[PDB]
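Dumped upload25.csv below, it's CSV, C-alpha atoms:
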chain,number,residue,atom,x,y,z
A,1,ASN,CA,-0.1,-2.2,20.3
A,2,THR,CA,3.6,-2.8,20.0
A,3,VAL,CA,5.8,-4.6,17.4
A,4,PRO,CA,9.2,-5.4,19.1
A,5,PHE,CA,12.5,-6.1,17.4
A,6,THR,CA,15.0,-8.8,18.4
A,7,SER,CA,18.0,-6.8,17.3
A,8,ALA,CA,19.4,-4.4,14.6
A,9,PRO,CA,22.6,-6.1,13.4
A,10,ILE,CA,22.5,-4.4,10.0
A,11,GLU,CA,22.2,-0.7,9.1
A,12,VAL,CA,18.7,-0.3,7.7
A,13,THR,CA,16.0,2.4,7.1
A,14,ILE,CA,13.2,1.1,9.3
A,15,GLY,CA,9.7,2.5,8.6
A,16,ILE,CA,6.1,2.1,9.7
A,17,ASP,CA,3.2,3.1,7.4
A,18,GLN,CA,3.8,6.6,6.0
A,19,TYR,CA,6.5,7.4,8.6
A,20,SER,CA,10.1,6.2,8.4
A,21,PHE,CA,13.4,6.4,10.2
A,22,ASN,CA,16.9,4.8,10.0
A,23,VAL,CA,18.8,2.6,12.5
A,24,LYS,CA,22.6,2.1,12.5
A,25,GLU,CA,24.5,-1.2,12.2
A,26,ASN,CA,25.1,-2.5,15.8
A,27,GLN,CA,22.7,0.1,17.3
A,28,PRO,CA,20.5,-0.4,20.4
A,29,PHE,CA,16.9,-0.9,19.2
A,30,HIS,CA,14.2,-3.1,20.5
A,31,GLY,CA,11.2,-2.1,18.5
A,32,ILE,CA,8.4,0.4,17.9
A,33,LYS,CA,6.0,1.1,20.8
A,34,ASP,CA,2.7,2.9,21.1
A,35,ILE,CA,1.4,1.7,17.7
A,36,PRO,CA,-2.2,3.0,17.1
A,37,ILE,CA,-5.0,0.5,17.0
A,38,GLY,CA,-5.7,0.5,13.3
A,39,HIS,CA,-7.0,-2.1,10.8
A,40,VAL,CA,-4.0,-2.4,8.5
A,41,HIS,CA,-0.4,-1.4,9.0
A,42,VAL,CA,2.9,-1.9,7.1
A,43,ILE,CA,6.5,-2.0,8.3
A,44,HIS,CA,9.2,-1.7,5.7
A,45,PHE,CA,13.0,-1.9,5.5
A,46,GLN,CA,15.7,-0.3,3.3
A,47,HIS,CA,19.4,-1.3,3.6
A,48,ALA,CA,22.0,1.4,3.3
A,49,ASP,CA,23.8,-0.8,0.8
A,50,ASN,CA,20.9,-1.4,-1.5
A,51,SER,CA,18.8,1.8,-2.0
A,52,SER,CA,16.5,0.2,-4.6
A,53,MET,CA,14.8,-2.9,-3.1
A,54,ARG,CA,12.4,-2.2,-0.3
A,55,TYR,CA,10.8,-5.1,1.6
A,56,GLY,CA,8.0,-4.9,4.1
A,57,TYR,CA,5.1,-6.7,5.9
A,58,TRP,CA,1.4,-5.9,5.8
A,59,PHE,CA,-0.2,-6.9,9.0
A,60,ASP,CA,-2.8,-6.2,11.8
A,61,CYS,CA,-2.0,-6.0,15.5
A,62,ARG,CA,-5.6,-7.0,16.3
A,63,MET,CA,-5.2,-10.5,14.9
A,64,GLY,CA,-2.0,-11.5,16.6
A,65,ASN,CA,1.3,-10.4,18.3
A,66,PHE,CA,4.0,-9.8,15.8
A,67,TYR,CA,7.7,-9.1,16.2
A,68,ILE,CA,10.8,-8.6,14.0
A,69,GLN,CA,13.9,-10.9,14.1
A,70,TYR,CA,16.8,-10.7,11.7
A,71,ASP,CA,17.8,-13.8,9.7
A,72,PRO,CA,21.5,-14.2,8.9
A,73,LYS,CA,20.8,-16.7,6.1
A,74,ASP,CA,18.5,-14.6,4.0
A,75,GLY,CA,20.0,-11.3,5.2
A,76,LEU,CA,16.5,-9.8,5.7
A,77,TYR,CA,14.5,-8.6,8.7
A,78,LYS,CA,11.7,-11.2,9.1
A,79,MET,CA,8.4,-10.8,10.8
A,80,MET,CA,7.1,-13.7,12.8
A,81,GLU,CA,4.0,-14.3,14.9
A,82,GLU,CA,4.4,-15.1,18.6
A,83,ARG,CA,1.8,-17.7,19.5
A,84,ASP,CA,2.8,-17.8,23.2
A,85,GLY,CA,1.1,-14.7,24.4
A,86,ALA,CA,2.5,-14.9,28.0
A,87,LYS,CA,6.0,-14.8,26.6
A,88,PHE,CA,5.2,-11.8,24.3
A,89,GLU,CA,3.9,-9.4,27.0
A,90,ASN,CA,6.8,-10.2,29.3
A,91,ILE,CA,9.2,-9.1,26.5
A,92,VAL,CA,7.3,-6.0,25.6
A,93,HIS,CA,6.0,-4.7,28.9
A,94,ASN,CA,9.4,-5.0,30.5
A,95,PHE,CA,10.7,-1.7,31.6
A,96,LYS,CA,14.4,-1.9,30.6
A,97,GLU,CA,14.0,-2.2,26.8
A,98,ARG,CA,11.0,0.2,26.4
A,99,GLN,CA,13.4,3.1,26.3
A,100,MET,CA,15.2,1.6,23.3
A,101,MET,CA,11.9,1.8,21.4
A,102,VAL,CA,10.6,4.6,19.1
A,103,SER,CA,7.1,6.0,19.9
A,104,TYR,CA,4.6,6.2,17.0
A,105,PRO,CA,3.7,9.9,16.6
A,106,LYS,CA,0.2,10.9,17.8
A,107,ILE,CA,-1.8,11.2,14.6
A,108,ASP,CA,-4.2,13.6,16.3
A,109,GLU,CA,-6.1,15.8,13.9
A,110,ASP,CA,-4.2,14.3,10.9
A,111,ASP,CA,-6.0,11.5,9.1
A,112,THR,CA,-3.4,10.7,6.4
A,113,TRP,CA,-3.0,7.0,6.9
A,114,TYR,CA,-6.7,6.3,7.3
A,115,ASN,CA,-7.6,8.1,4.1
A,116,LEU,CA,-5.1,5.9,2.2
A,117,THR,CA,-6.1,2.6,3.8
A,118,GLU,CA,-9.8,3.1,4.4
A,119,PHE,CA,-10.9,0.1,2.3
A,120,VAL,CA,-7.7,-2.0,2.6
A,121,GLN,CA,-8.2,-5.1,4.7
A,122,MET,CA,-6.0,-8.1,5.5
A,123,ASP,CA,-8.5,-10.7,4.1
A,124,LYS,CA,-8.2,-8.9,0.8
A,125,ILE,CA,-4.4,-8.5,0.9
A,126,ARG,CA,-4.1,-12.2,1.7
A,127,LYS,CA,-6.0,-12.9,-1.6
A,128,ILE,CA,-3.7,-10.6,-3.5
A,129,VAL,CA,-0.4,-11.6,-1.9
A,130,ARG,CA,-0.7,-15.4,-2.0
A,131,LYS,CA,0.2,-16.9,1.3
A,132,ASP,CA,-1.8,-18.7,4.0
A,133,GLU,CA,0.9,-20.0,6.3
A,134,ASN,CA,1.2,-16.5,7.9
A,135,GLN,CA,-1.2,-13.9,9.1
A,136,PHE,CA,1.0,-11.2,7.5
A,137,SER,CA,2.1,-10.6,3.9
A,138,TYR,CA,5.5,-10.0,2.5
A,139,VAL,CA,5.6,-7.6,-0.4
A,140,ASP,CA,8.9,-6.7,-2.2
A,141,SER,CA,9.9,-3.9,-4.5
A,142,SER,CA,11.1,-6.4,-7.1
A,143,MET,CA,7.9,-8.5,-7.1
A,144,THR,CA,6.1,-8.9,-10.3
A,145,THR,CA,2.3,-9.3,-10.9
A,146,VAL,CA,0.4,-12.2,-12.5
A,147,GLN,CA,-0.5,-10.0,-15.5
A,148,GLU,CA,3.2,-9.0,-15.8
A,149,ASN,CA,4.4,-12.6,-15.7
A,150,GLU,CA,2.0,-13.9,-18.4
A,151,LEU,CA,3.0,-11.0,-20.6
A,152,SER,CA,6.6,-12.0,-20.3
A,153,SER,CA,7.9,-15.1,-22.0
A,154,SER,CA,9.2,-16.1,-18.6
A,155,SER,CA,6.9,-17.1,-15.8
A,156,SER,CA,6.7,-16.8,-12.0
A,157,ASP,CA,4.7,-18.7,-9.3
A,158,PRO,CA,1.5,-17.0,-8.1
A,159,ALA,CA,2.8,-17.1,-4.6
A,160,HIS,CA,5.7,-14.6,-5.4
A,161,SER,CA,3.5,-12.8,-7.9
A,162,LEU,CA,1.1,-10.0,-7.0
A,163,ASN,CA,-2.3,-11.4,-7.9
A,164,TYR,CA,-4.0,-8.1,-8.8
A,165,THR,CA,-7.2,-8.1,-10.8
A,166,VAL,CA,-6.2,-8.3,-14.4
A,167,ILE,CA,-7.8,-5.5,-16.5
A,168,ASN,CA,-7.6,-5.3,-20.3
A,169,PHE,CA,-8.4,-2.7,-22.9
A,170,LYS,CA,-8.5,-4.0,-26.4
A,171,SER,CA,-10.4,-3.1,-29.7
A,172,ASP,CA,-14.6,-12.7,-29.1
A,173,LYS,CA,-14.6,-13.8,-25.5
A,174,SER,CA,-13.5,-11.8,-22.4
A,175,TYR,CA,-15.2,-8.7,-23.8
A,176,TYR,CA,-18.2,-9.0,-21.6
A,177,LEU,CA,-15.9,-9.3,-18.6
A,178,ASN,CA,-15.4,-5.5,-18.1
A,179,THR,CA,-19.1,-4.6,-18.1
A,180,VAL,CA,-19.8,-7.1,-15.4
A,181,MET,CA,-17.1,-5.6,-13.2
A,182,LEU,CA,-18.4,-2.0,-13.7
A,183,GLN,CA,-21.9,-3.0,-12.7
A,184,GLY,CA,-20.6,-4.9,-9.7
A,185,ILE,CA,-18.5,-2.0,-8.7
A,186,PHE,CA,-21.5,0.4,-8.9
A,187,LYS,CA,-22.8,-1.3,-5.7
A,188,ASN,CA,-20.6,-2.1,-2.7
A,189,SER,CA,-17.3,-1.2,-4.3
A,190,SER,CA,-15.1,-2.1,-1.3
A,191,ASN,CA,-13.0,-4.5,-3.2
A,192,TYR,CA,-12.3,-2.0,-5.9
A,193,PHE,CA,-11.4,0.9,-3.6
A,194,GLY,CA,-9.4,-1.5,-1.5
A,195,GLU,CA,-7.5,-2.8,-4.4
A,196,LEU,CA,-7.0,0.6,-5.8
A,197,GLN,CA,-5.5,1.9,-2.6
A,198,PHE,CA,-3.4,-1.2,-1.9
A,199,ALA,CA,-2.0,-1.1,-5.4
A,200,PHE,CA,-1.2,2.6,-4.9
A,201,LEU,CA,0.6,1.9,-1.6
A,202,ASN,CA,2.8,-0.8,-3.0
A,203,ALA,CA,3.7,1.4,-5.9
A,204,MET,CA,4.4,4.5,-3.8
A,205,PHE,CA,6.3,3.2,-0.8
A,206,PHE,CA,7.8,0.0,-2.1
A,207,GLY,CA,8.3,1.4,-5.6
A,208,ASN,CA,6.6,-1.6,-7.1
A,209,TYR,CA,6.4,-0.9,-10.9
A,210,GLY,CA,3.7,-3.5,-11.4
A,211,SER,CA,1.6,-1.9,-8.7
A,212,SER,CA,2.0,1.4,-10.5
A,213,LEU,CA,0.5,-0.1,-13.7
A,214,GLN,CA,-2.3,-1.7,-11.8
A,215,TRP,CA,-3.2,1.6,-10.1
A,216,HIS,CA,-3.4,3.2,-13.5
A,217,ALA,CA,-5.4,0.4,-15.0
A,218,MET,CA,-8.0,0.7,-12.3
A,219,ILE,CA,-8.2,4.5,-12.6
A,220,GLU,CA,-8.6,4.0,-16.4
A,221,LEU,CA,-11.3,1.5,-15.8
A,222,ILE,CA,-13.6,4.2,-14.3
A,223,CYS,CA,-12.3,7.3,-16.1
A,224,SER,CA,-13.3,5.5,-19.3
A,225,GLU,CA,-16.9,6.0,-18.4
A,226,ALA,CA,-18.9,9.0,-19.6
A,227,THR,CA,-21.6,8.5,-17.0
A,228,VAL,CA,-20.8,6.8,-13.6
A,229,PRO,CA,-22.9,6.9,-10.4
A,230,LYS,CA,-22.4,10.1,-8.3
A,231,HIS,CA,-22.0,8.1,-5.1
A,232,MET,CA,-19.0,6.4,-6.7
A,233,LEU,CA,-17.3,9.7,-7.7
A,234,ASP,CA,-17.7,11.5,-4.5
A,235,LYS,CA,-15.7,8.8,-2.7
A,236,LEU,CA,-13.3,8.2,-5.6
A,237,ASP,CA,-12.4,11.8,-6.0
A,238,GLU,CA,-11.7,12.0,-2.3
A,239,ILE,CA,-9.6,8.8,-2.4
A,240,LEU,CA,-7.6,10.0,-5.4
A,241,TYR,CA,-7.1,13.3,-3.7
A,242,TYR,CA,-5.2,12.0,-0.6
A,243,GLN,CA,-3.1,9.8,-2.9
A,244,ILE,CA,-2.0,12.6,-5.1
A,245,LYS,CA,-1.4,14.7,-2.0
A,246,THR,CA,1.3,12.3,-0.8
A,247,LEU,CA,3.1,12.4,-4.2
A,248,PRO,CA,6.3,14.5,-4.5
A,249,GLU,CA,5.8,18.0,-5.8
A,250,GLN,CA,8.1,17.4,-8.8
A,251,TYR,CA,6.5,15.7,-11.8
A,252,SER,CA,7.0,11.9,-11.6
A,253,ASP,CA,6.8,10.6,-15.1
A,254,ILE,CA,6.9,7.0,-14.0
A,255,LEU,CA,4.5,7.0,-11.0
A,256,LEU,CA,1.6,8.7,-12.7
A,257,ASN,CA,0.4,8.2,-16.3
A,258,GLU,CA,-0.3,11.3,-18.4
A,259,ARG,CA,-2.4,9.4,-21.0
A,260,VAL,CA,-4.7,8.0,-18.4
A,261,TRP,CA,-5.1,11.3,-16.6
A,262,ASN,CA,-6.2,13.0,-19.8
A,263,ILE,CA,-9.1,10.7,-20.1
A,264,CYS,CA,-10.2,11.4,-16.6
A,265,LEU,CA,-10.5,15.1,-17.5
A,266,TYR,CA,-12.9,14.0,-20.3
A,267,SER,CA,-14.9,11.9,-17.9
A,268,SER,CA,-15.0,14.5,-15.1
A,269,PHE,CA,-16.5,17.5,-16.9
A,270,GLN,CA,-20.0,17.3,-15.5
A,271,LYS,CA,-19.4,18.4,-11.9
A,272,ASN,CA,-16.5,18.0,-12.3
A,273,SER,CA,-16.8,14.4,-11.2
A,274,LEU,CA,-13.2,14.6,-9.8
A,275,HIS,CA,-13.3,18.1,-8.5
A,276,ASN,CA,-10.9,17.8,-5.6
A,277,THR,CA,-8.5,15.6,-7.5
A,278,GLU,CA,-8.2,18.1,-10.4
A,279,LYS,CA,-7.7,20.9,-7.9
A,280,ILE,CA,-4.6,19.4,-6.3
A,281,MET,CA,-3.3,18.3,-9.7
A,282,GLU,CA,-3.2,21.8,-11.2
A,283,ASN,CA,-1.6,23.1,-8.0
A,284,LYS,CA,1.1,20.5,-7.8
A,285,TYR,CA,1.6,19.8,-11.5
A,286,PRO,CA,1.5,22.8,-13.9
A,287,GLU,CA,1.5,20.5,-16.9
A,288,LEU,CA,-0.6,20.9,-20.1
A,289,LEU,CA,-4.4,20.2,-19.9
A,290,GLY,CA,-6.3,17.7,-22.0
Please re-express this file's structure in structure tokens.
Amino acid sequence: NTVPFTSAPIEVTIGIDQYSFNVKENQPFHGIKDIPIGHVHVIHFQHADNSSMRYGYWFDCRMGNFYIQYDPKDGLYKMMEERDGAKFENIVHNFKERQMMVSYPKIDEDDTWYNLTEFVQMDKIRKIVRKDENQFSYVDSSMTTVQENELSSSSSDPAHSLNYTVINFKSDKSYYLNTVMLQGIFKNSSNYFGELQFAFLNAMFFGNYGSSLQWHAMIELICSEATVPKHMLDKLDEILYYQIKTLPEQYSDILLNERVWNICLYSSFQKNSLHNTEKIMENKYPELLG
């Protein structure tokens, strides 16, 4: 499929999924062509002025035709759905502006993006990023989570808050909550893997700190188990492998937690349960062992 751009009036680093590039202010650009038919994609933006806040839009080309048009009032590149299909294809399939588009690289033998978004689906994202008026979902670098807001004395609306699954580790009520999740996860853990990956992606690309904590809280949820089903670990280890594989070679004190990782070493000591994960960890990060 194809996600066209109305214009590029402001210099901004325009990216799609893992890949990213930068457009110039007042530079001829009409969109991104030859987008691979996937299940979940994300297109982000990063202004040259502000190199801290990154905003993007999770979407799926299969459930509608989407384009990008700049808004002078908000000063942000907005995604909008084109309901009139006949008008959309006439804009896209026109010959003159298809040369102003950038072609999505043929993934070929590489399977990077799929291994990171294998369990991530839009109907799940819609339940995390609260919005129903649109088929896409706006996620910002500065966005807080529901758990993060209730922790703070201040408060934020659930719409602008990342409604991740709140996980607690203490020590009356709410103690039986964790054991019910673990049992539920042990069969048909799509929501878990999906949320794990999605929380990782927001933390990695957008730099969402709350998403970084959530990712660690979900890793800690399983790594705190001495005995967990093998079918779970074989997939988890693989999932955690490709995630660590995209992390920068230099030790990132903020993005990954040392305290949490040390308890995974204790958990995975029977196979080891996280064989492939530990392998790339010791090759990329020569830090002390647990």
Review point. Contacts of range 204-208 of chain A at 12 Å or less, counting only C-alpha atoms, minus same-chain residues fewer than 5 places along, as a PyMOL selection string?
Key: chain A and resi 15-20+42-46+51-58+116+138-145+148+161-162+197-199+213-215+243-248+252+254-256
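Taking all atoms listed in the file into account, residue 117 in chain A lies nearest to A:40 out of the set A:40, A:182, A:280, A:129.
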Exercise for review: Can you work out the spacing between CA of residue 90 in chain A and CA of residue 23 in chain A in Å, to one decimal?
Suggested key: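 Value for the CA of residue 90 in chain A-CA of residue 23 in chain A distance: 24.3 Å.
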Exercise for review: Extract, using only C-alpha atoms, all DNA, RNA and protein residues at most 6 Å from residue 100 in chain A, discarding same-chain residues fewer than 3 positions from it, and format them as an NGL selection string.
Suggested key: :A and (29-30 or 97)
For the residues selected in the previous step, produce a file with C-alpha atoms as an mmCIF file, keeping the file's coordinate frame.
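Contents of part.cif, freshly written:
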data_model
loop_
_atom_site.group_PDB
_atom_site.id
_atom_site.type_symbol
_atom_site.label_atom_id
_atom_site.label_comp_id
_atom_site.auth_asym_id
_atom_site.auth_seq_id
_atom_site.Cartn_x
_atom_site.Cartn_y
_atom_site.Cartn_z
ATOM 1 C CA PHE A 29 16.900 -0.900 19.200
ATOM 2 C CA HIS A 30 14.200 -3.100 20.500
ATOM 3 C CA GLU A 97 14.000 -2.200 26.800
#
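Taking CA of residue 264 in chain A and CA of residue 220 in chain A as endpoints, the distance between them is 7.6 Å.
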